[PDB]
file upload_11.txt (compact mmCIF, N, CA, C and O atoms (P, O5', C5', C4', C3', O3' and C1' of nucleotides))
# COMPACT_ATOMS: atom_id res chain seq x y z
N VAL V 2 115.76 110.56 90.17
CA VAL V 2 116.22 111.78 90.89
C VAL V 2 114.97 112.56 91.22
O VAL V 2 113.88 112.20 90.78
N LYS V 3 115.09 113.61 92.01
CA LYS V 3 113.92 114.36 92.39
C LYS V 3 113.98 115.85 92.09
O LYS V 3 115.06 116.44 92.01
N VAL V 4 112.81 116.46 91.89
CA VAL V 4 112.72 117.89 91.65
C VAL V 4 111.81 118.38 92.77
O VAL V 4 110.80 117.75 93.06
N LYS V 5 112.26 119.40 93.50
CA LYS V 5 111.44 119.98 94.57
C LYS V 5 110.86 121.28 94.02
O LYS V 5 111.58 122.05 93.38
N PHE V 6 109.58 121.53 94.28
CA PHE V 6 108.91 122.71 93.71
C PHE V 6 107.77 123.39 94.50
O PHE V 6 107.29 122.90 95.53
N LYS V 7 107.35 124.52 93.94
CA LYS V 7 106.26 125.33 94.46
C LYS V 7 105.03 125.25 93.58
O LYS V 7 105.09 125.36 92.34
N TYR V 8 103.92 125.04 94.26
CA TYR V 8 102.58 125.00 93.71
C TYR V 8 101.84 125.00 95.03
O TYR V 8 102.17 124.20 95.92
N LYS V 9 100.96 125.99 95.20
CA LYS V 9 100.22 126.16 96.45
C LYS V 9 101.31 126.65 97.42
O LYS V 9 101.82 127.77 97.25
N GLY V 10 101.76 125.79 98.34
CA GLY V 10 102.79 126.19 99.28
C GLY V 10 103.28 125.13 100.24
O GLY V 10 104.18 125.40 101.04
N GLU V 11 102.73 123.92 100.17
CA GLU V 11 103.15 122.84 101.07
C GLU V 11 104.50 122.24 100.69
O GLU V 11 104.93 121.26 101.32
N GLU V 12 105.18 122.84 99.70
CA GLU V 12 106.48 122.38 99.17
C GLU V 12 106.32 120.99 98.55
O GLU V 12 105.43 120.21 98.93
N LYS V 13 107.14 120.68 97.55
CA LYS V 13 107.00 119.38 96.92
C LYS V 13 108.26 118.88 96.28
O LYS V 13 109.17 119.64 96.01
N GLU V 14 108.32 117.57 96.13
CA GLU V 14 109.44 116.91 95.51
C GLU V 14 108.80 115.76 94.76
O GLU V 14 107.79 115.21 95.22
N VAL V 15 109.35 115.43 93.60
CA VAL V 15 108.82 114.33 92.82
C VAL V 15 109.91 113.61 92.05
O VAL V 15 110.88 114.22 91.59
N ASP V 16 109.80 112.30 92.00
CA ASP V 16 110.74 111.48 91.28
C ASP V 16 110.47 111.81 89.81
O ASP V 16 109.32 111.89 89.38
N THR V 17 111.53 112.05 89.06
CA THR V 17 111.39 112.37 87.66
C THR V 17 110.75 111.21 86.88
O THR V 17 110.26 111.39 85.77
N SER V 18 110.70 110.03 87.48
CA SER V 18 110.11 108.87 86.84
C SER V 18 108.60 109.03 86.84
O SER V 18 107.89 108.34 86.11
N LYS V 19 108.11 109.94 87.67
CA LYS V 19 106.67 110.19 87.79
C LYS V 19 106.17 111.46 87.08
O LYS V 19 105.05 111.92 87.36
N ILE V 20 106.96 111.96 86.14
CA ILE V 20 106.66 113.18 85.37
C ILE V 20 106.15 112.92 83.94
O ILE V 20 106.91 112.48 83.07
N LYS V 21 104.84 113.18 83.73
CA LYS V 21 104.15 112.99 82.45
C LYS V 21 104.61 113.97 81.41
O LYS V 21 105.30 113.57 80.48
N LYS V 22 104.21 115.23 81.52
CA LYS V 22 104.63 116.23 80.53
C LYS V 22 105.51 117.32 81.09
O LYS V 22 105.29 117.78 82.20
N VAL V 23 106.49 117.71 80.27
CA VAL V 23 107.52 118.74 80.52
C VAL V 23 107.55 119.74 79.33
O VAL V 23 107.44 119.32 78.18
N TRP V 24 107.69 121.03 79.61
CA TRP V 24 107.76 122.05 78.55
C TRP V 24 108.35 123.35 79.11
O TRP V 24 108.50 123.48 80.33
N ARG V 25 108.71 124.28 78.21
CA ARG V 25 109.29 125.58 78.60
C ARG V 25 108.37 126.79 78.47
O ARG V 25 107.87 127.08 77.37
N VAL V 26 108.18 127.50 79.57
CA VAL V 26 107.35 128.70 79.59
C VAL V 26 108.33 129.78 79.93
O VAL V 26 108.67 129.93 81.09
N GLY V 27 108.82 130.52 78.94
CA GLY V 27 109.78 131.57 79.23
C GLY V 27 111.11 130.98 79.67
O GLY V 27 111.75 130.27 78.90
N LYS V 28 111.53 131.28 80.89
CA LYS V 28 112.79 130.76 81.42
C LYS V 28 112.43 129.90 82.65
O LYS V 28 113.18 129.80 83.62
N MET V 29 111.30 129.23 82.52
CA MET V 29 110.75 128.38 83.54
C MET V 29 110.42 127.03 82.92
O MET V 29 110.12 126.96 81.72
N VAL V 30 110.54 125.96 83.70
CA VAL V 30 110.25 124.60 83.23
C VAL V 30 108.94 124.24 83.93
O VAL V 30 108.78 124.46 85.12
N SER V 31 107.97 123.75 83.16
CA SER V 31 106.68 123.44 83.71
C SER V 31 106.45 121.97 83.40
O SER V 31 106.86 121.48 82.35
N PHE V 32 105.84 121.25 84.32
CA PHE V 32 105.59 119.84 84.13
C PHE V 32 104.35 119.35 84.87
O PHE V 32 103.85 120.01 85.78
N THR V 33 103.84 118.21 84.44
CA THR V 33 102.71 117.60 85.10
C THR V 33 103.19 116.20 85.55
O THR V 33 104.09 115.63 84.92
N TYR V 34 102.61 115.66 86.62
CA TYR V 34 103.05 114.36 87.17
C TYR V 34 101.92 113.61 87.88
O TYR V 34 100.75 113.84 87.57
N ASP V 35 102.30 112.76 88.84
CA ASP V 35 101.38 111.96 89.67
C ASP V 35 100.98 110.75 88.84
O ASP V 35 101.46 110.56 87.71
N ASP V 36 100.13 109.91 89.41
CA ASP V 36 99.67 108.71 88.74
C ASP V 36 98.55 108.12 89.57
O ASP V 36 97.43 107.94 89.08
N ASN V 37 98.85 107.84 90.83
CA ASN V 37 97.88 107.28 91.75
C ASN V 37 96.81 108.34 91.97
O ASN V 37 95.68 108.03 92.37
N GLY V 38 97.20 109.59 91.72
CA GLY V 38 96.28 110.69 91.90
C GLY V 38 96.00 111.49 90.65
O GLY V 38 96.21 111.04 89.52
N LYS V 39 95.50 112.69 90.89
CA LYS V 39 95.15 113.65 89.85
C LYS V 39 96.42 114.02 89.09
O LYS V 39 97.47 113.44 89.34
N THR V 40 96.34 114.90 88.10
CA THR V 40 97.57 115.28 87.42
C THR V 40 98.11 116.40 88.27
O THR V 40 97.43 117.40 88.50
N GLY V 41 99.25 116.14 88.89
CA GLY V 41 99.88 117.16 89.70
C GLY V 41 100.53 118.05 88.67
O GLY V 41 100.78 117.58 87.56
N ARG V 42 100.78 119.31 89.04
CA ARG V 42 101.41 120.32 88.17
C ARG V 42 102.50 121.08 88.94
O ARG V 42 102.36 121.38 90.12
N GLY V 43 103.58 121.41 88.25
CA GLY V 43 104.65 122.13 88.91
C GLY V 43 105.53 122.84 87.92
O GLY V 43 105.40 122.66 86.71
N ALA V 44 106.41 123.68 88.45
CA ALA V 44 107.35 124.43 87.65
C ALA V 44 108.49 124.84 88.54
O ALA V 44 108.30 125.01 89.75
N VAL V 45 109.67 124.97 87.94
CA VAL V 45 110.90 125.37 88.62
C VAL V 45 111.73 126.28 87.67
O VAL V 45 111.46 126.34 86.46
N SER V 46 112.71 127.01 88.21
CA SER V 46 113.55 127.88 87.38
C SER V 46 114.25 126.99 86.36
O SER V 46 114.53 125.82 86.65
N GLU V 47 114.54 127.52 85.18
CA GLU V 47 115.22 126.71 84.17
C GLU V 47 116.70 126.58 84.54
O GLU V 47 117.37 125.66 84.11
N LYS V 48 117.21 127.51 85.34
CA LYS V 48 118.60 127.40 85.74
C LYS V 48 118.74 126.33 86.81
O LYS V 48 119.44 125.34 86.59
N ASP V 49 117.99 126.45 87.90
CA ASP V 49 118.06 125.49 89.00
C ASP V 49 117.34 124.15 88.76
O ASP V 49 116.98 123.46 89.73
N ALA V 50 117.12 123.77 87.50
CA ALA V 50 116.45 122.50 87.23
C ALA V 50 117.45 121.35 87.21
O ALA V 50 118.59 121.51 86.79
N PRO V 51 117.05 120.18 87.74
CA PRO V 51 117.97 119.04 87.74
C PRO V 51 118.21 118.55 86.33
O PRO V 51 117.27 118.37 85.58
N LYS V 52 119.47 118.31 85.98
CA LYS V 52 119.84 117.84 84.66
C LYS V 52 118.89 116.84 84.04
O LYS V 52 118.65 116.91 82.84
N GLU V 53 118.35 115.92 84.83
CA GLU V 53 117.42 114.92 84.32
C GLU V 53 116.17 115.55 83.69
O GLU V 53 115.79 115.18 82.58
N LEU V 54 115.54 116.49 84.40
CA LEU V 54 114.34 117.18 83.91
C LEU V 54 114.68 117.90 82.60
O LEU V 54 113.96 117.84 81.62
N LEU V 55 115.84 118.53 82.57
CA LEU V 55 116.32 119.19 81.39
C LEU V 55 116.46 118.16 80.27
O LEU V 55 116.21 118.48 79.11
N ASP V 56 116.83 116.93 80.61
CA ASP V 56 117.00 115.87 79.61
C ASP V 56 115.63 115.55 79.04
O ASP V 56 115.49 115.18 77.88
N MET V 57 114.64 115.61 79.91
CA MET V 57 113.26 115.35 79.56
C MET V 57 112.67 116.49 78.73
O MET V 57 111.81 116.25 77.89
N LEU V 58 113.08 117.72 79.02
CA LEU V 58 112.64 118.91 78.29
C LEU V 58 113.22 118.79 76.88
O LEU V 58 112.51 118.88 75.90
N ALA V 59 114.51 118.48 76.79
CA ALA V 59 115.17 118.32 75.51
C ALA V 59 114.50 117.24 74.70
O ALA V 59 114.47 117.30 73.48
N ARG V 60 114.00 116.24 75.40
CA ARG V 60 113.33 115.15 74.73
C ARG V 60 112.05 115.70 74.13
O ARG V 60 111.75 115.45 72.96
N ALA V 61 111.31 116.46 74.94
CA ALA V 61 110.04 117.06 74.53
C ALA V 61 110.19 118.18 73.50
O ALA V 61 109.26 118.51 72.78
N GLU V 62 111.37 118.76 73.42
CA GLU V 62 111.58 119.82 72.46
C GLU V 62 111.82 119.34 71.05
O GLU V 62 111.87 120.14 70.14
N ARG V 63 112.01 118.03 70.87
CA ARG V 63 112.28 117.47 69.54
C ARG V 63 111.14 116.65 69.03
O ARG V 63 111.18 116.17 67.89
N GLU V 64 110.15 116.42 69.88
CA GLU V 64 109.02 115.63 69.48
C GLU V 64 108.41 116.34 68.29
O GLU V 64 108.42 117.57 68.21
N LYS V 65 108.03 115.56 67.28
CA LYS V 65 107.43 116.15 66.10
C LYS V 65 106.05 116.68 66.48
O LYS V 65 105.26 115.94 67.08
N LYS V 66 105.81 117.95 66.15
CA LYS V 66 104.56 118.71 66.39
C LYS V 66 104.16 119.02 67.84
O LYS V 66 104.98 118.75 68.75
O5' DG O 1 100.63 141.16 78.54
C5' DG O 1 100.28 140.03 77.74
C4' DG O 1 101.48 139.13 77.57
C3' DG O 1 101.20 137.71 77.11
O3' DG O 1 102.42 137.25 76.52
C1' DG O 1 102.25 137.62 79.16
P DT O 2 102.43 136.79 74.99
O5' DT O 2 102.60 135.20 75.08
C5' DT O 2 103.90 134.59 74.96
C4' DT O 2 104.03 133.43 75.92
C3' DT O 2 102.95 132.36 75.88
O3' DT O 2 103.40 131.34 75.00
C1' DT O 2 103.89 132.70 78.09
P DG O 3 102.38 130.19 74.53
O5' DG O 3 102.72 129.01 75.53
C5' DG O 3 104.02 128.47 75.60
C4' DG O 3 103.94 127.03 76.05
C3' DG O 3 102.83 126.24 75.41
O3' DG O 3 103.31 124.92 75.50
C1' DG O 3 102.32 126.71 77.71
P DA O 4 102.59 123.78 74.71
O5' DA O 4 101.74 123.06 75.82
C5' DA O 4 102.37 122.52 76.95
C4' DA O 4 101.35 122.37 78.05
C3' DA O 4 100.00 121.85 77.57
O3' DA O 4 99.92 120.47 77.94
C1' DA O 4 99.85 123.62 79.21
P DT O 5 98.51 119.73 77.91
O5' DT O 5 97.95 119.89 79.39
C5' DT O 5 98.83 120.21 80.48
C4' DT O 5 98.02 120.50 81.72
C3' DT O 5 96.59 119.99 81.70
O3' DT O 5 96.59 118.80 82.51
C1' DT O 5 96.74 122.24 82.60
P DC O 6 95.23 118.01 82.78
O5' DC O 6 94.71 118.71 84.12
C5' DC O 6 95.65 119.16 85.11
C4' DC O 6 94.94 119.88 86.23
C3' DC O 6 93.61 119.32 86.72
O3' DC O 6 93.57 119.63 88.12
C1' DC O 6 93.29 121.53 85.98
P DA O 7 92.62 118.80 89.12
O5' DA O 7 91.47 119.85 89.46
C5' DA O 7 91.83 121.15 89.99
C4' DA O 7 90.64 122.08 89.96
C3' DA O 7 89.31 121.36 90.14
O3' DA O 7 88.52 122.14 91.05
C1' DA O 7 89.25 122.68 88.19
P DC O 8 87.15 121.53 91.65
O5' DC O 8 86.06 122.60 91.19
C5' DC O 8 86.19 123.99 91.59
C4' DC O 8 85.62 124.91 90.53
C3' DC O 8 84.13 124.75 90.28
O3' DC O 8 83.57 123.51 90.79
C1' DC O 8 85.38 125.22 88.25
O5' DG G 1 82.90 130.23 76.40
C5' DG G 1 82.87 131.10 77.53
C4' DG G 1 84.28 131.37 77.97
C3' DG G 1 85.23 131.23 76.78
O3' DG G 1 86.40 132.04 76.98
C1' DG G 1 85.77 129.61 78.37
P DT G 2 86.26 133.54 77.54
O5' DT G 2 86.77 133.45 79.06
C5' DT G 2 85.85 133.63 80.16
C4' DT G 2 86.57 133.41 81.48
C3' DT G 2 87.95 134.06 81.65
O3' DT G 2 88.05 134.57 83.00
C1' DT G 2 88.10 131.76 82.10
P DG G 3 89.17 135.68 83.37
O5' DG G 3 89.72 135.19 84.79
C5' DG G 3 88.82 134.90 85.88
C4' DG G 3 89.45 133.93 86.86
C3' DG G 3 90.81 134.36 87.42
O3' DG G 3 90.90 133.85 88.76
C1' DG G 3 91.05 132.30 86.34
P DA G 4 92.11 134.31 89.70
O5' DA G 4 92.29 133.06 90.66
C5' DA G 4 92.06 131.72 90.18
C4' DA G 4 93.24 130.83 90.54
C3' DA G 4 94.49 131.62 90.91
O3' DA G 4 95.19 130.90 91.91
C1' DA G 4 94.93 130.32 88.98
P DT G 5 96.52 131.53 92.53
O5' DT G 5 97.66 130.59 91.93
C5' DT G 5 97.47 129.16 91.89
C4' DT G 5 98.46 128.50 90.95
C3' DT G 5 99.89 129.05 90.93
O3' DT G 5 100.76 128.20 91.69
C1' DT G 5 99.12 128.36 88.75
P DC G 6 101.97 128.86 92.50
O5' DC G 6 103.22 128.70 91.54
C5' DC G 6 103.59 127.41 91.00
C4' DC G 6 104.50 127.58 89.81
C3' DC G 6 105.37 128.84 89.93
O3' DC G 6 106.73 128.51 90.24
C1' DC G 6 104.39 128.61 87.72
P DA G 7 107.63 129.58 91.00
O5' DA G 7 108.71 130.04 89.93
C5' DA G 7 109.50 129.07 89.24
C4' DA G 7 110.36 129.77 88.22
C3' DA G 7 111.07 130.98 88.83
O3' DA G 7 112.34 131.22 88.17
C1' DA G 7 109.41 131.73 87.32
P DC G 8 113.44 132.18 88.86
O5' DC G 8 113.61 133.36 87.81
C5' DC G 8 112.49 134.22 87.52
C4' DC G 8 112.61 134.79 86.12
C3' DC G 8 113.00 136.27 86.07
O3' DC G 8 113.99 136.61 85.10
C1' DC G 8 110.69 135.97 85.39
call {"tool": "encode", "arguments": {"input": "upload_11.txt", "output": "structure tokens"}}
result
Amino acid sequence: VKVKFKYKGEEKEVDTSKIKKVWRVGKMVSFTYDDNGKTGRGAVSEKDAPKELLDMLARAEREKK
DNA sequence: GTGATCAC
DNA sequence: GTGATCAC
């Protein structure tokens, strides 16, 4: 599935399969991605986040340490 | 300010 | 070792 986001301003969308790290900053979801390139970075509202990313956040919220 | 990061 | 980013 895809998440569309703001960083800079050229608009963006990314397959959740290409998302390295996910975490919560306040009521915002922040993540890093890419592979062929640099580590891309993005964030979206925690309300308007696609269930999949939230699944990934939940995954990251239980990781030990 | 908040996490985590990149990019300088 | 600090600013710039991101949604509030």
call {"tool": "interface_residues", "arguments": {"input": "upload_11.txt", "of": "chain V", "to": "chain O", "cutoff": "10 Å", "atoms": "only C-alpha atoms (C1' of nucleotides)", "output": "JSON list (two decimals) with N, CA, C and O atoms, keeping the file's coordinate frame"}}
result
[["chain", "number", "residue", "atom", "x", "y", "z"],
["V", 22, "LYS", "N", 104.21, 115.23, 81.52],
["V", 22, "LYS", "CA", 104.63, 116.23, 80.53],
["V", 22, "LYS", "C", 105.51, 117.32, 81.09],
["V", 22, "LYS", "O", 105.29, 117.78, 82.20],
["V", 23, "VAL", "N", 106.49, 117.71, 80.27],
["V", 23, "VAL", "CA", 107.52, 118.74, 80.52],
["V", 23, "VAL", "C", 107.55, 119.74, 79.33],
["V", 23, "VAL", "O", 107.44, 119.32, 78.18],
["V", 24, "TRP", "N", 107.69, 121.03, 79.61],
["V", 24, "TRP", "CA", 107.76, 122.05, 78.55],
["V", 24, "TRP", "C", 108.35, 123.35, 79.11],
["V", 24, "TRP", "O", 108.50, 123.48, 80.33],
["V", 25, "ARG", "N", 108.71, 124.28, 78.21],
["V", 25, "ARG", "CA", 109.29, 125.58, 78.60],
["V", 25, "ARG", "C", 108.37, 126.79, 78.47],
["V", 25, "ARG", "O", 107.87, 127.08, 77.37],
["V", 26, "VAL", "N", 108.18, 127.50, 79.57],
["V", 26, "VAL", "CA", 107.35, 128.70, 79.59],
["V", 26, "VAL", "C", 108.33, 129.78, 79.93],
["V", 26, "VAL", "O", 108.67, 129.93, 81.09],
["V", 27, "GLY", "N", 108.82, 130.52, 78.94],
["V", 27, "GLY", "CA", 109.78, 131.57, 79.23],
["V", 27, "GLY", "C", 111.11, 130.98, 79.67],
["V", 27, "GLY", "O", 111.75, 130.27, 78.90],
["V", 28, "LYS", "N", 111.53, 131.28, 80.89],
["V", 28, "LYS", "CA", 112.79, 130.76, 81.42],
["V", 28, "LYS", "C", 112.43, 129.90, 82.65],
["V", 28, "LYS", "O", 113.18, 129.80, 83.62],
["V", 29, "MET", "N", 111.30, 129.23, 82.52],
["V", 29, "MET", "CA", 110.75, 128.38, 83.54],
["V", 29, "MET", "C", 110.42, 127.03, 82.92],
["V", 29, "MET", "O", 110.12, 126.96, 81.72],
["V", 30, "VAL", "N", 110.54, 125.96, 83.70],
["V", 30, "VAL", "CA", 110.25, 124.60, 83.23],
["V", 30, "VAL", "C", 108.94, 124.24, 83.93],
["V", 30, "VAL", "O", 108.78, 124.46, 85.12],
["V", 31, "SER", "N", 107.97, 123.75, 83.16],
["V", 31, "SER", "CA", 106.68, 123.44, 83.71],
["V", 31, "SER", "C", 106.45, 121.97, 83.40],
["V", 31, "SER", "O", 106.86, 121.48, 82.35],
["V", 32, "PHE", "N", 105.84, 121.25, 84.32],
["V", 32, "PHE", "CA", 105.59, 119.84, 84.13],
["V", 32, "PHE", "C", 104.35, 119.35, 84.87],
["V", 32, "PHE", "O", 103.85, 120.01, 85.78],
["V", 33, "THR", "N", 103.84, 118.21, 84.44],
["V", 33, "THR", "CA", 102.71, 117.60, 85.10],
["V", 33, "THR", "C", 103.19, 116.20, 85.55],
["V", 33, "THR", "O", 104.09, 115.63, 84.92],
["V", 39, "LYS", "N", 95.50, 112.69, 90.89],
["V", 39, "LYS", "CA", 95.15, 113.65, 89.85],
["V", 39, "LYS", "C", 96.42, 114.02, 89.09],
["V", 39, "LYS", "O", 97.47, 113.44, 89.34],
["V", 40, "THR", "N", 96.34, 114.90, 88.10],
["V", 40, "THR", "CA", 97.57, 115.28, 87.42],
["V", 40, "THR", "C", 98.11, 116.40, 88.27],
["V", 40, "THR", "O", 97.43, 117.40, 88.50],
["V", 41, "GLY", "N", 99.25, 116.14, 88.89],
["V", 41, "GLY", "CA", 99.88, 117.16, 89.70],
["V", 41, "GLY", "C", 100.53, 118.05, 88.67],
["V", 41, "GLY", "O", 100.78, 117.58, 87.56],
["V", 42, "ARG", "N", 100.78, 119.31, 89.04],
["V", 42, "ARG", "CA", 101.41, 120.32, 88.17],
["V", 42, "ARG", "C", 102.50, 121.08, 88.94],
["V", 42, "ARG", "O", 102.36, 121.38, 90.12]]
call {"tool": "atom_distance", "arguments": {"input": "upload_11.txt", "atom1": "atom N of residue V:8", "atom2": "atom CA of residue V:43"}}
result
6.1 Å
call {"tool": "residues_around", "arguments": {"input": "upload_11.txt", "residues": "stretch 53-57 of chain V", "least_positions_apart": "3", "cutoff": "7 Å", "atoms": "only N, CA, C and O atoms (P, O5', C5', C4', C3', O3' and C1' of nucleotides)", "output": "ChimeraX atom specification"}}
result
/V:17,23-24,50,60-62
call {"tool": "select_by_dssp", "arguments": {"input": "upload_11.txt", "residues": "chain V", "states": "helix (DSSP H, G or I)", "output": "count of residues only"}}
result
13
call {"tool": "closest_residue", "arguments": {"input": "upload_11.txt", "among": "V:52, V:3, V:66, V:19", "to": "residue V:35", "atoms": "only C-alpha atoms"}}
result
V:19
call {"tool": "select_by_dssp", "arguments": {"input": "upload_11.txt", "residues": "chain V", "states": "strand (DSSP E)", "output": "VMD selection string"}}
result
chain V and resid 3 to 6 13 to 16 20 to 26 29 to 34 41 to 46
call {"tool": "atom_distance", "arguments": {"input": "upload_11.txt", "atom1": "atom CA of residue V:5", "atom2": "atom CA of residue V:65"}}
result
29.0 Å
call {"tool": "closest_residue", "arguments": {"input": "upload_11.txt", "among": "V:20, V:59, V:46, V:37", "to": "residue V:6", "atoms": "only C-alpha atoms"}}
result
V:46
call {"tool": "atom_distance", "arguments": {"input": "upload_11.txt", "atom1": "atom CA of residue V:14", "atom2": "atom O of residue V:38"}}
result
15.7 Å
call {"tool": "decode", "arguments": {"input": "upload_11.txt", "residues": "chain O", "atoms": "N, CA and C atoms (P, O5', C5', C4', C3', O3' and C1' of nucleotides)", "output": "mmCIF file, in the first residue's frame"}}
result
data_model
loop_
_atom_site.group_PDB
_atom_site.id
_atom_site.type_symbol
_atom_site.label_atom_id
_atom_site.label_comp_id
_atom_site.auth_asym_id
_atom_site.auth_seq_id
_atom_site.Cartn_x
_atom_site.Cartn_y
_atom_site.Cartn_z
ATOM 1 O "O5'" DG O 1 9.940 24.233 23.930
ATOM 2 C "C5'" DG O 1 10.729 23.051 24.061
ATOM 3 C "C4'" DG O 1 9.855 21.834 23.856
ATOM 4 C "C3'" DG O 1 10.581 20.527 23.550
ATOM 5 O "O3'" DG O 1 9.674 19.488 23.928
ATOM 6 C "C1'" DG O 1 9.176 21.012 21.791
ATOM 7 P P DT O 2 10.101 18.423 25.040
ATOM 8 O "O5'" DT O 2 10.327 17.081 24.207
ATOM 9 C "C5'" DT O 2 9.279 16.101 24.099
ATOM 10 C "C4'" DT O 2 9.238 15.506 22.708
ATOM 11 C "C3'" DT O 2 10.537 14.943 22.156
ATOM 12 O "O3'" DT O 2 10.566 13.550 22.460
ATOM 13 C "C1'" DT O 2 9.098 15.897 20.450
ATOM 14 P P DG O 3 11.910 12.710 22.235
ATOM 15 O "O5'" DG O 3 11.680 12.054 20.817
ATOM 16 C "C5'" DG O 3 10.567 11.210 20.587
ATOM 17 C "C4'" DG O 3 10.909 10.233 19.491
ATOM 18 C "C3'" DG O 3 12.296 9.641 19.595
ATOM 19 O "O3'" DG O 3 12.155 8.421 18.909
ATOM 20 C "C1'" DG O 3 12.168 11.216 17.781
ATOM 21 P P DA O 4 13.298 7.351 18.996
ATOM 22 O "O5'" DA O 4 14.043 7.514 17.622
ATOM 23 C "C5'" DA O 4 13.339 7.355 16.414
ATOM 24 C "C4'" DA O 4 14.106 8.041 15.318
ATOM 25 C "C3'" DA O 4 15.612 7.833 15.387
ATOM 26 O "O3'" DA O 4 15.959 6.868 14.393
ATOM 27 C "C1'" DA O 4 14.965 10.082 14.804
ATOM 28 P P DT O 5 17.481 6.686 13.963
ATOM 29 O "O5'" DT O 5 17.652 7.651 12.710
ATOM 30 C "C5'" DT O 5 16.514 8.116 11.976
ATOM 31 C "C4'" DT O 5 16.936 9.171 10.981
ATOM 32 C "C3'" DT O 5 18.423 9.191 10.651
ATOM 33 O "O3'" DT O 5 18.545 8.555 9.376
ATOM 34 C "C1'" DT O 5 17.514 11.428 10.967
ATOM 35 P P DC O 6 19.974 8.452 8.658
ATOM 36 O "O5'" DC O 6 20.005 9.796 7.801
ATOM 37 C "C5'" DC O 6 18.790 10.301 7.208
ATOM 38 C "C4'" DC O 6 19.034 11.632 6.537
ATOM 39 C "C3'" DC O 6 20.328 11.807 5.750
ATOM 40 O "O3'" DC O 6 19.987 12.694 4.670
ATOM 41 C "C1'" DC O 6 20.233 13.433 7.438
ATOM 42 P P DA O 7 20.887 12.742 3.338
ATOM 43 O "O5'" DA O 7 21.627 14.145 3.471
ATOM 44 C "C5'" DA O 7 20.849 15.352 3.658
ATOM 45 C "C4'" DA O 7 21.741 16.503 4.059
ATOM 46 C "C3'" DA O 7 23.144 16.413 3.462
ATOM 47 O "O3'" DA O 7 23.497 17.717 2.989
ATOM 48 C "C1'" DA O 7 23.287 16.673 5.796
ATOM 49 P P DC O 8 24.811 17.915 2.077
ATOM 50 O "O5'" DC O 8 25.671 18.961 2.924
ATOM 51 C "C5'" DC O 8 25.110 20.252 3.256
ATOM 52 C "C4'" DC O 8 25.642 20.744 4.583
ATOM 53 C "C3'" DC O 8 27.148 20.989 4.625
ATOM 54 O "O3'" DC O 8 27.876 20.347 3.544
ATOM 55 C "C1'" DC O 8 26.279 20.078 6.714
#
